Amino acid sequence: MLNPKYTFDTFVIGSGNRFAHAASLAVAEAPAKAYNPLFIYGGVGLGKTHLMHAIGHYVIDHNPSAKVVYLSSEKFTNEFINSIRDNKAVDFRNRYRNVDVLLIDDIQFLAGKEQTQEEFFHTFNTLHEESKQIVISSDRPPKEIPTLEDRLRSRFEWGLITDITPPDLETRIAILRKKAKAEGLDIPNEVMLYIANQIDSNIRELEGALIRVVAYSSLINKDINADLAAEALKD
């Protein structure tokens, strides 16, 4: 279930993510003991899911008996709605109310879902009173999620809330050198600089702009440089 590229070690710290990283490690090192719940929000492609998976690995790599479960809220909704239609709701509860860490991603996808919101509420309360770790990610802070009840907003606000903001030029370059290290790549700093300057959006667009430049250098079998990089990225 846990993408194995998404560790603390592959996660680059910058000003924009420092809080969320420190909170995520606090929680990993001391599950249910440090911050419960941890609520992480922020814009598209900024590492929410990466951090959530990093908390996961850390906890498992340190307690092989720990029942650790990641899933988007869309998947939590689908399994729940199913258990009602198939009358096996008792089996959905024995699953999700007895995990040791619950990592639930993108809770904004519960908007306009009266029933799944309620079931998430009862799941949240059970896990909290049983000293289990809850980690929720969102694209926006609890106040800005519509159709949400006070009682549920109130529990999202009860632990630590951290935001993630987009990285600067320097941080984008550090994210580029980190993926390049991961595949043994010798790349000039003028290239990274050039790439990071064009792509100031999400680390996916960024990750992708690098994959291209390299793959192209490989096809034409020529050394990587800002002349090549710019050619590979016109389109």
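Numbers for residues come from their place in the sequence shown, where the first is 1.
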Stretch with the higher entry mean CA B-factor, where the candidates are 120-128 and 78-86: 78-86
Going by the average Cα B-factor in the PDB entry, point out whether 28-36 or 46-54 comes out higher. 28-36
Third of the chain, ranked by Cα B-factor, where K222 sits: highest
Please say which third, lowest, middle or highest, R93 falls into when its CA temperature factor is compared across its chain. lowest
Rank-wise, by C-alpha B-factor, drop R172 into the lowest, middle or highest third of its chain. lowest
Within this chain, which third does the Cα B-factor at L148 fall in: lowest, middle or highest? highest
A180: CA temperature factor from the record, placed by chain third, in the highest
